[PDB]
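Input: a single structure, listed below in structure tokens.
Laboratory data are not the source of any read-out in this text; all were calculated from the coordinates shown.
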DNA sequence: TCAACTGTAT
DNA sequence: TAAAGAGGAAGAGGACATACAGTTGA
RNA sequence: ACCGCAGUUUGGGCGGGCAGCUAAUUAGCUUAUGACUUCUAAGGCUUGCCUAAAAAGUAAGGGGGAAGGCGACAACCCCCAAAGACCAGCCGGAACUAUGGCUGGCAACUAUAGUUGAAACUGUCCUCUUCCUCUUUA
């Protein structure tokens with residue numbers, strides 16, 4: 001899969017239509033989020049019931065085993081301190097791990113109220129009771145010498161602070177699905193988010209809320225619903241610990257992209273440079289290399305996006321190998337045959353054979369015979385990547401200047417804002433101030449500089465990754481981030497993780513191999529001896545033992561680490577090096 | 001072992017009583033509340049003397065919960081001679097409550 | 001009369 | 001030099017990039 | 001330096017580009033995280049003259065007319081030119097230097113022979129974290 005980004009020009013009326021569509025999609029996103037939060041309770045209840053059953057089974061199997069070990073096992077979790085047990089008891093401890101998190105409960109006599117979520121989907125849930133009244137707020141005047149694990153630290157205390165209203169209890173009541181007020185689907189329950197894919201019901205809801213009917217097409221509705229489905233799935237997955245509940249979008253955080261994940265562009269006229277997509281009159285293209293990049297005579301457009309960026313308006317077209325189409329055509333048939341013939345039928349096996357065959361065809365469609373060269377790569381402080389043969393690649397030094405320019409422009413903008421606010425207050429008005437034209441221009445400039453920095457870094461990373469992928473077939477990559485324990489400011493401008501990911505993907509696509517050796521003892525070890533050497537400078541290294549061939553010979557530390565990574569990768573060649 | 005609290009005596013029992021008192025706000029029709037009750041009983045028996053613990057049914061002492069900024073159950077308030085030393089909301093897991101108390105004590 | 005749009009299924 | 005707020009951006013890091021029935025309509 | 005424009009970036013291309021030194025308004029060297037117009041809070045020398053945050057604006061291919069702009073300038077009209085610079089193979093451990101060389105063809109510029117015509121591009125969403133600026137306290 002690839003994405004082609006083509007600049008387009010829109011007329012004023014088209015811009016107004018785009019703004020209206022984005023407002024509509026923001027409203028849809030908020031509605032879907034509210035509905036999903038209201039519904040999460042029904043999933044939580046089933047989860048709790050299953051957990052209770054599991055706890056009961058664990059309790060039964062823990063009691064049924066012999067009393068001698070069960071007491072110590074119970075204590076193992078029933079006590080902060082944990083001793084070194086034997087394998088016998090440790091096995092049972094693992095087998096009843098669940099007690100580490102919870103202890104058996106009933107969950108009977110409950111009534112299924114709508115829960116209020118916190119920072120996770122499973123733990124920390126609560127049932128609301130009341131609204132209004134004073135609330136706890138941090139008071140920095142209160143210093144509490146809290147004896148945390150790090151000793152005494154003077155944390156800011158909390159105190160009760162002015163309330164919004166008089167305290168009032170909420171009317172407890174079970175959960176109830178919400179439904180479309182009227183129209184052709186009156187009374188339908190919105191069990192899932194996919195039930196919101198209907199234009200009719202959404203129009204009915206808007207009428208209930210006294211808003212004008214929707215004008216956006218159903219394709220962008222589907223795209224936004226896809227985005228929300230992704231974010232919610234990430235939220236509920238335990239394996240990801242950084243994905244949390246989706247947030248509500250305020251007026252200053254409107255959606256900035258229209259997504260069509262149902263059909264390619266309706267028309268792509270290359271001779272006159274025109275693109276016809278749904279919901280707009282034909283859009284002109286102001287791009288000069290779009291016909292060569294898109295390469296319509298050998299690819300297959302699938303989906304697209306109208307994107308807005310400080311540089312202008314773009315259309316993203318996603319393209320794939322020509323075979324992709326049948327693969328999907330077969331994939332979407334799998335649920336049918338499974339429902340119709342069962343997974344043991346011969347049809348099921350034949351379909352899997354055909355999927356595999358097409359997937360293999362696609363994969364081999366982009367394999368290139370190589371020269372079987374192996375490389376060790378080490379991210380550096382002075383050089384973005386050092387290589388086993390002594391190559392040091394300079395970083396994207398240009399972006400530091402953009403960052404400094406952003407610093408200065410932000411300083412200017414904030415100074416202007418402070419002076420304007422003071423003059424506003426002096427005149428005697430209490431209403432919030434309205435932003436000025438110079439401030440808007442300066443803010444646009446800052447936005448454009450951020451974009452330019454991001455784009456420059458992305459372009460540099462693509463170029464370097466392509467270079468490495470073309471030159472080398474086997475790549476070893478490991479990063480010694482111990483230095484982190486301004487350096488952070490410099491490293492945030494290099495984008496090492498993106499570089500690594502791009503190189504990984506491109507090397508895999510060409511048919512190479514990508515390894516990630518462990519990092520233990522990589523920077524200080526004499527790679528030709530394995531002994532811990534010494535450094536006589538910020539970047540030089542010398543081996544210690546006299547038996548070394550390179551004894552008393554200073555060498556580049558980055559080259560040493562790169563060669564160590566090459567060895568740990570298993571290639572062990574290290575034949576030559578430049579300086 | 002857990003002491004059961006009432007509105008009428010809350011001030012003396014919680015505010016005048018010596019030592020730290022962990023008060024849990026409770027109801028019976030609540031799900032997560034039944035999830036965490038066993039943990040509170042555990043903490044009652046592990047930390048004896050180092051901490052005292054109390055339970056307050058909101059459905060029988062409706063006045064107390066508003067007075068202390070509580071808007072949903074379950075909630076845990078750690079008091080120390082008339083002021084809440086610590087506050088937490090939502091069904092913590094066993095470990096979470098354990099290190100919470102460890103840090104606060 | 002065929003493109004385009006919407007509804008249903010996962 | 002330090003720490004907490006408010007607001008504006010970005011980087012990490014994981015997924016993702018639909019097919020058929022039925023209806024419109026000019 | 002920087003800014004605008006060439007799909008997005010780098011080297012380059014056309015244009016805008018403070019102040020000082022030297023030579024003869026226009027050519028060189030140093031150099032600014034853009035340049036210029038209008039009006040003003042403030043500040044400086046001595047009643048006048050200067051420097052100016054903010055605010056609102058102007059242009060950013062070359063030449064000639066031209067309504068109208070307080071002005072930078074310019075709607076509109078005529079001529080000239082056209083750089084994120086061509087294509088296809090084959091070498092390269094491709095760094096220093098944001099990709100070097102050979103072959104063939106095709107363009108443009110010079111004296112039939114020479115010079116130039118460089119590289120890459122997979123984006124979007126979401127959530128956490130980091131950066132920056134400005135405040136307030138210490």
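The antiparallel fraction among DSSP beta bridges confined to segment B:1-95 stands at about 60%. Using only alpha-carbon positions in segment A:130-169, the gyration tensor eigenvalues give semi-axes of 30, 10, 4 Å once each is multiplied by 5 and square-rooted (largest first). Need the C-alpha centroid separation for segment A:378-453 versus segment A:209-229, integer Å. If we compute the Cα centre of each part, the gap is 34 Å.
For segment A:374-568, the Kirkwood radius over C-alpha pairs fed into Stokes-Einstein at 4 °C and 1.567 mPa s yields D = 65 µm² per second. Taking the helices alone, the protein assembly as shown has a mean residue ellipticity at 222 nm of -13000 deg cm²/dmol, built from -39,500 (n - 2.57) per DSSP H run of at least 4 residues and averaged over all its residues.
Please say if segment A:262-319 is rounded, prolate or oblate, where rounded means a/c under 1.5 for a ≥ b ≥ c the square roots of the C-alpha gyration tensor eigenvalues, and otherwise the choice is prolate for a/b larger than b/c and oblate otherwise? Rounded is the answer for segment A:262-319, as its axis ratio a/c remains below 1.5.
Which number do you get for Rg(Cα) / (2.2 N^0.38 Å) in segment A:281-369?
Dividing the Cα Rg of segment A:281-369 by 2.2 N^0.38 Å gives 1.54.
Using C-alpha pairs below 8 Å separated by at least 6 residues, the relative contact order for segment A:302-354 is 21 percent.
Compute the Cα gyration tensor for chain A, then decide on rounded, prolate or oblate, letting a ≥ b ≥ c be the square roots of its eigenvalues: rounded whenever a/c is under 1.5, prolate when a/b is larger than b/c in the other cases, and oblate in all that remain. Note, shape of chain A comes out rounded.
Considering all C-alpha pairs of segment B:3-104, those separated by over 23 Å amount to 18%.
Oblate is the label for segment A:301-432, because the ratio a/c of its alpha-carbon gyration tensor axes (a ≥ b ≥ c) is 1.5 or higher and a/b is not greater than b/c. With both residues required to sit in segment A:421-579, DSSP beta bridges show an antiparallel share near 50%. In percent, rounded to a whole number, the relative contact order of segment A:262-315 is 30, using alpha-carbon pairs under 8 Å and six or more apart.
In the protein assembly as shown, the DSSP beta bridges split such that about 80 percent are antiparallel, to the nearest 5.
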